[PDB]
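Participant: Here you go, one structure.
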Amino acid sequence: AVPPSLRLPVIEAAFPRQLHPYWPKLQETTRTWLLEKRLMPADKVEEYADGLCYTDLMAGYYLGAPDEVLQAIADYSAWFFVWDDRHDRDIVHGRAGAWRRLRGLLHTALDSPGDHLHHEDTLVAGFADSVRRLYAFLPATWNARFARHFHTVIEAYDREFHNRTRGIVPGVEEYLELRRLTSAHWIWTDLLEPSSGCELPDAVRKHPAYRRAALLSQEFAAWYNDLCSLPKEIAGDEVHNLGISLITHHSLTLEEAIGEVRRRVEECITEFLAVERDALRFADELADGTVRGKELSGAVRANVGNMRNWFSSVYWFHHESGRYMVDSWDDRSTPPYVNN
Ligand SMILES: CC[N+](CC)(CC)Cc1ccccc1
Ligand SMILES: [Mg+2]
Ligand SMILES: [Mg+2]
Ligand SMILES: [Mg+2]
């Protein structure tokens, strides 16, 4: 039962949930990886990792992925949540130096992950392990594109560090541009490709229908996160959330901002429904009779199907994951799964 302010009847009726058959093994394997890479204290792994639903989130998204690809994506994604927690704690504790050094190491490790597999900072070592495995699936050009996108993500996290230490809430348009990077829209879009076994040519993945469908799936994910994570974020003095930009810069009340964010999320859905028709027509056109055409057609179709699956996976994740259950915490400003 989804809270009325967060309920999206269109998702519930028209975006049926999917689950990858590897999910049971994925759940345990990622938990063991968090333990073995020392990315969370052992007691917090035992108590909270399964309830955080990070593997469920990816298993409801990259359907069809080879099991090894899904494992790498799930480990990376769990790493990414831990990194968001580290960034938050560095801000709260004023650790500008520790953050700057981590930022620098992530840039270096992203270009040379093998050199960082045993780094003294386990967060860097964990990042490097997941990235080295993601780099083993597709040609170096895909790896270069993932790296180019994630260098930009790291710098967006640095900008968030600047904003929060200075108490600056970005304007709405500034926020929307920044959120495409902090939510890592283009990373999740990149990762559709190893999940369907094909690096797409630029001419295919830049087709306007593929680009627009990919954008809308990610805007929904990020803004629905903003809608559902607003209570934890207000309680933790987070400033990055579309609702906060609207309350601060447009003088909306909390109820008005929640309504405006919900309307924007709803529009992502119906805009996606329109463009999905064009993206699937494009998939059909690629099947021109040749072997290569069949390959590209099947890959685009699988990727657009996963852009759809992201809507339902993100929707239910926010109601299942312990990450957002601020009402259950003794200290609303300090989530119990974070290392404080
Ligand atoms: C890895 C999770 N993420 C995305 C970058 C950072 C903490 C937040 C998020 C969760 C779920 C949906 C959209 C964004
Ligand atoms: Mg966060
Ligand atoms: Mg964040
Ligand atoms: Mg959030």
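Residues displayed in chain A correspond, in order, to Swiss-Prot positions 16-355.
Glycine is no exception: its Cβ is also placed from the backbone N, Cα and C atoms.
Feature table excerpt (Swiss-Prot):
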- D99, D103: Mg(2+) 2 binding site (BINDING)
- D99, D103: Mg(2+) 1 binding site (BINDING)
- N240, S244, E248: Mg(2+) 3 binding site (BINDING)
- 99-103: motif 'DDXXD motif' (MOTIF)
Participant: Measuring Cα to Cα, how many angstrom lie between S244 (Mg(2+) 3 binding site) and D103 (Mg(2+) 2 binding site)?
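Facilitator: Distance (Cα to Cα, whole Å): 14 Å.
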Participant: Taking the binding-site residues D99, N240, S244, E248, which residues show a Cβ-atom distance to ligand 2 below 6 Å?
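Facilitator: With ligand 2 as the reference and 6 Å as the Cβ limit, the list reads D99.
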Participant: Go through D99, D103, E248, the listed binding-site residues, and name the one with the sparsest Cβ surroundings, counting other Cβ atoms within 10 Å.
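Facilitator: Counting other Cβ atoms within 10 Å of each of the binding-site residues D99, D103, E248, the minimum falls on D99.
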Participant: Any residues 6+ beyond the ends of the motif 'DDXXD motif' (99-103) with a Cβ under 8 Å from its own?
Facilitator: 114, 117, 138, 172, 175-176, 251, 253, 350, 352-354
Participant: I'd like to know which of the binding-site residues listed (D99, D103, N240, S244, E248) lie near ligand 3, counting only a CB under 6 Å away.
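Facilitator: Among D99, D103, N240, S244, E248, near ligand 3: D99.
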Participant: Residues other than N240, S244, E248 within 8 Å, Cβ to Cβ centroid, of the Mg(2+) 3 site?
Facilitator: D241, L242, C243, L245, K247, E253, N256, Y339
Participant: How many other Cβ atoms sit within 10 Å of the Cβ of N240 (Mg(2+) 3 binding site)?
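Facilitator: Within a 10 Å radius of the Cβ of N240 (Mg(2+) 3 binding site) lie 21 other Cβ atoms.
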Participant: If you draw a 10 Å sphere on the Cβ of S244 (Mg(2+) 3 binding site), how many other Cβ atoms land inside?
Facilitator: 20
Participant: How far is it from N240 (Mg(2+) 3 binding site) to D99 (Mg(2+) 2 binding site), counting Cα to Cα, in Å?
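Facilitator: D99 (Mg(2+) 2 binding site) has its Cα 14 Å from the Cα of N240 (Mg(2+) 3 binding site).
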Participant: How big is the Cα-to-Cα gap, in Å, between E248 (Mg(2+) 3 binding site) and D103 (Mg(2+) 2 binding site)?
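Facilitator: Cα of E248 (Mg(2+) 3 binding site) to Cα of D103 (Mg(2+) 2 binding site) measures 10 Å after rounding.
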Participant: Which of these binding-site residues (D103, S244, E248) have a C-beta closer than 6 Å to some atom of ligand 1?
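Facilitator: Near the molecule: none at all.
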